[PDB]
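Colleague: Dropping a structure here in structure tokens format, bear with me for questions.
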């Protein structure tokens, strides 16, 4: 028994309070660059249960639950390489920034 | 310093609202099948601090904090192989379903 | 596409209710010992974005969002080896205890 049961879906909450980042926005981009700038964004893909990938546009939307959603349904998002990640709340206020996901 | 401190205990919350799947139920089963059906379920074990494993019955119960619990105490659950996972709230409504935890 | 976007910062919540362990404390110690006892604690370091590590004193503080904070800012904590971890709420009541993070 090596496979531990847990929750695989990521949840994004505030950094100064216990609240989901409801209607927030996540920008994915080049390692150590501001992903909010369109020129720094990288391709993001939805990985279907099928195993296929459908590239979508940014930013990614975080629903009321703090989970990324596309077309009203929870999705798994993946990129080809490491990336920087900036999370903004519904009011365009920056919640968090991870320069290099791969190093964190 | 390569060991980063984190929270190893999984937490299960609702998919459309920021709440715990309080008193919900988790079914673990064959990859890509409906775990709710007893014919698709696979063994689930509590992994004790001891390293020992004690097989328990399904479904797994989620307490009010959104954590799996057994005998009134937080427990770590493991399976031998990959599995599909379906989460239901206290009212029998499906919260989420991951057909293959390994791929996710 | 193998890099999945997720939330990398750990969040600490209560075990009997869906709340953040606001202003709680985390003790890191020798595997299978009470980390609250200083004799059992191991060194803990903040890993800065820079890649540098600065040792800090224990216990680690959890803010209102249930996130580890130091000097008022969210930090990434790392240690040298596996460890036991005890989490306590603002009232000194124990919330959780993981004897060996490496096994869990």
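Protein chains in written order, with the deposited numbering: chain A, 6 to 109; chain C, 6 to 109; chain B, 6 to 109. In this text, a Cβ means the ideal position worked out from N, Cα and C, and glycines have one as well.
1) Compare the Cα-Cα distances from residue 13 of chain B to each of B/77, B/87 and B/82 and report the closest residue.
2) Answer with yes or no whether the minimum CB distance from residue 83 of chain B to chain A is below 8 Å.
3) List the residues of chain B whose Cβ lies closer than 8 Å to the Cβ of residue 87 of chain A, in chain order.
4) Please list, in chain order, the chain B residues whose beta carbon lies closer than 7 Å to that of residue 16 of chain C.
5) Out of curiosity, what's the CA-to-CA distance linking residue 29 of chain C and residue 26 of chain A?
6) State yes or no: is the C-beta of residue 77 of chain B within less than 8 Å of the C-beta of residue 17 of chain B?
7) Contact defined as beta carbons within less than 8 Å: I believe residue 34 of chain C pairs with residue 89 of chain C. What is the distance between those atoms, to the nearest angstrom?
8) With a threshold of 8 Å between beta carbons, is residue 57 of chain C in contact with chain B?
9) Based on Cα-Cα distance, which residue from A/79, A/45, A/92 and A/96 lies nearest to residue 19 of chain C?
10) Taking only beta-carbon positions, decide if residue 108 of chain B is within less than 8 Å of chain A.
11) Give the residues of chain C in contact with residue 93 of chain B, contact being defined as C-beta atoms less than 9 Å apart.
12) Can you give the Cα-Cα distance for residue 109 of chain C and residue 103 of chain C, rounded to whole angstroms?
13) Could you name the residues of chain B that residue 27 of chain A contacts, counting a contact when the two beta carbons are closer than 9 Å?
Modeller: In short, the structure shows the following:
1) For the purposes of this step, residue 13 of chain B is taken as residue 8 along the third chain, with counting starting at 1. Checked all of B/77, B/87 and B/82; the closest Cα to residue 13 of chain B is B/82.
2) What you label residue 83 of chain B is simply residue 78 of the third chain in a count that begins at 1. False, the Cβ-Cβ gap to chain A never drops below 8 Å.
3) One-based indexing of the first chain puts residue 87 of chain A at position 82. Near residue 87 of chain A (Cβ distances below 8 Å), the residues of chain B are 8.
4) By one-based count along the second chain, residue 16 of chain C stands at place 11. One finds 18 in chain B with Cβ atoms closer than 7 Å to the Cβ of residue 16 of chain C, taken in chain order.
5) Translated into positions along the second chain, residue 29 of chain C becomes position 24. Translated into positions along the first chain, residue 26 of chain A becomes position 21. Each residue's alpha carbon lies about 24 Å from the other.
6) Taking the first residue of the third chain as 1, we reach residue 77 of chain B at position 72. Taking the first residue of the third chain as 1, we reach residue 17 of chain B at position 12. No, Cβ-Cβ distance for residue 77 of chain B and residue 17 of chain B is not below 8 Å.
7) Numbered from 1 along the second chain, position 29 holds the residue referred to as residue 34 of chain C. Numbered from 1 along the second chain, position 84 holds the residue referred to as residue 89 of chain C. Rounded, the Cβ-Cβ distance is 5 Å, consistent with contact.
8) Stepping through the second chain from its first residue, residue 57 of chain C is reached at position 52. No, residue 57 of chain C does not count as interfacial toward chain B.
9) Taking the second chain and counting its residues from 1, one reaches residue 19 of chain C at position 14. In terms of CA proximity to residue 19 of chain C, A/79 leads the group A/79, A/45, A/92 and A/96.
10) Position 103 of the third chain holds residue 108 of chain B. At a cut-off of 8 Å between C-beta atoms, residue 108 of chain B does not count as an interface residue with respect to chain A.
11) The residue labelled residue 93 of chain B in the question sits at position 88 within the third chain. Simply none; closest approach about 14 Å.
12) Along the second chain, one-based indexing puts residue 109 of chain C at 104. Along the second chain, one-based indexing puts residue 103 of chain C at 98. Answer to the nearest angstrom: the Cα atoms are 8 Å apart.
13) Stepping through the first chain from its first residue, residue 27 of chain A is reached at position 22. None at all; the shortest Cβ gap to chain B is about 14 Å.
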